[PDB]
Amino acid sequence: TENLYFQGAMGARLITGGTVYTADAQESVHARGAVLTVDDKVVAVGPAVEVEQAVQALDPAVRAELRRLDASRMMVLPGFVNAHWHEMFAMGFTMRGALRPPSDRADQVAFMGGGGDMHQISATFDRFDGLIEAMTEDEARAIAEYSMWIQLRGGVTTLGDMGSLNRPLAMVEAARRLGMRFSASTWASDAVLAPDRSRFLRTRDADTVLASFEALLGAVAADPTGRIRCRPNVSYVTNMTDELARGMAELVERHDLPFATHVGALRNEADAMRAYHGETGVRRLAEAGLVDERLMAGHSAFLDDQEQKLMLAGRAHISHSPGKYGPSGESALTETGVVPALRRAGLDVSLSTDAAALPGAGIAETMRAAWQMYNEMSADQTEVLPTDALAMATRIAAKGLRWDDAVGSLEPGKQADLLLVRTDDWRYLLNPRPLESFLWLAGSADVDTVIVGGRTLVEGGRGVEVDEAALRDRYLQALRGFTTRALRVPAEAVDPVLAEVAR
C-alpha cells in the first residue's frame, strides 16, 4: 500500500516568478513564468499572468489551501529522467574505490579503458548473479536506498535501471520509500567470453534469466503509486545468447514493454563479438527483432554504416554518457563520432549518467559535457543548445523509457515533477539564460528543490523526509558486511576507513 511510504494529497501549488524551462515540444522557456500544480499533475504553465488566470478557476476550498512558492530568485526545470543507470554502490571498496592510494600516479589502463579488456568485462558481468545472491535483503535495501537518494538529490525524479549489482525488489522498495519514480530491471547475463574458448560459453539457461524478469514484472504489475515500472535489459551483447535475445523480443512484444541493452560500447567489442558469436552486437539484436522503437541502446558508438542504418530504420534510441567516458577510458564520443552523427540524422539520443561504485557525474554534469563536447567536435555552438541538453536529460530520455506519457516535460496533464535551482549568485548575474549559467558553473549539488507528483522531497538541498545521516550510516554498515563477507576484503582494511568517514 502507498500509505506505508507517504500520506496526504498535495492540493494546489503555484510556483511563480522564476525562469521556467518546460522541455515541451517547442523547448518553451518562460521568463517570469509560473507552474500551477493540483495534486500530482501540472494544470498550467506559462507566463505568470496567464497562470494566475488558471488559479482563478479554483474552488473556495482548493484556493484556501493553495501553496504559493516565490521562485523569483530561481530557475524551474522538469525533473531529470536518468534512463541509463546502474546500482553499483555495493562495490565501493573494490571498483575504482575506497582502497586506492590517495596518489593517482601509478594508475593503469584497465577494464573499459584502452579499447576494452573484453574477457575481463565479460567475466565480471557474468559474476553479478552470484554476488546479488550473496547480498542479504538488509544489505540490498540499505545500499539501494542511499545510492538512489544520491540520484534524487541531484534532481533525478525518474530513474531507469539498465542492470544493477543489487536485488530488484530492494531497489523497488527504495524507490517507494524515497518518493521517486523507477523503471526496475533484473540482471541478464547468459554467456561469457573466456580466453581459452573458440565460442561463447553458455553460463545459465535463457529461460532462467527470462523467468527472473517475469517475476519482477509480476511483483510491480499491481503497484498503485504510478511511480514503479519495469523494463527488461540484457547486460551487454557479449553476454547474450541468441536464445536470450529471441526470448527478450517475445517478452517485450507480449507485455508491451521497452527494452534496453549495451551495444557498440568499446573499440574492441566488434572483434570479440565476431570471434565468440560470429556477428557484431547491433546485427545480432536486429536478427532477434530487438532493433525497433522499444530499444534504448547504451553508448552505441562503435557501429558500422550498416548498423547505423539498422538503428535509423528501426527508430531506436541511444542513451549517451559523455560526462563519464574519460575517467573510464571509454572513447564512445570522439573516436567514431557516431552518436552525434545519428542524432543529426534524426535518431532520438538522450543523456544519462551510467554509474559506478562511488558518486560520479550526475545529470547536470552530463548536460554540461554534451553542450561542451558535441559542439566542440562540430565547431558549432548550436548543435547541442543548452535547451537541447535539458531535453536530452528530460523529455527525450522519457520517450526512450516509454514514460513520456507522464514525465519529462512541464505541460498540462503531465506529472508535477519539477526542480528549483537558485539563480541569485554571481554565476547567474545579468544572464537572461540561467540554464546556460547552470551548465557553465553549477551542478548536481546546486539542485535546491525536487518535487515528484507535487510532493517536495528535497528543499534547500536537503531531504524533507530523508534522514540523510541515517541513510548514509545504514549504507556504510551494509557495505561493511557485503565487502568483508561476499568480496572477502579483510575487516582490518575496511573498519578504520569507515571510522574516518566525516560524520
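Basically, rigid core = biggest C-alpha set you can superpose within 1.5 Å across the two forms. All residue numbers refer to positions in the sequence shown, first residue = 1.
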Core-superposed in 4 other deposited structures of this protein, which stretch deviates more in Cα positions, 191 to 199 or 321 to 329? 191 to 199
After a rigid core fit, does 88 to 96 or 154 to 162 show more C-alpha displacement in 4 other deposited structures of this protein? 88 to 96
Residue stretch of maximal mean CA temperature factor, 104 to 112 vs 80 to 88: 104 to 112
So which stretch wins on mean C-alpha B-factor, 331 to 339 or 351 to 359? 351 to 359
Member of 417, 207, 388, 271 with the greatest C-alpha B factor (per the PDB record): 207
Which is it among 446, 436, 65, 468: the one with the largest CA B-factor in the entry? 65
Temperature factor at the Cα of residue 494, chain-ranked in thirds, falls in the highest
The third of the chain into which the C-alpha temperature factor of residue 267 falls is the lowest
Among all modelled residues of this chain, ranked by Cα B factor, put residue 127 in the bottom, middle or top third, i.e. lowest, middle or highest. highest
Could you look up the Cα B-factor of residue 246 in the entry and say which third of the chain it sits in: lowest, middle or highest? highest
Name the third of the chain's ranked CA B-factors that contains residue 225, choosing lowest, middle or highest. highest
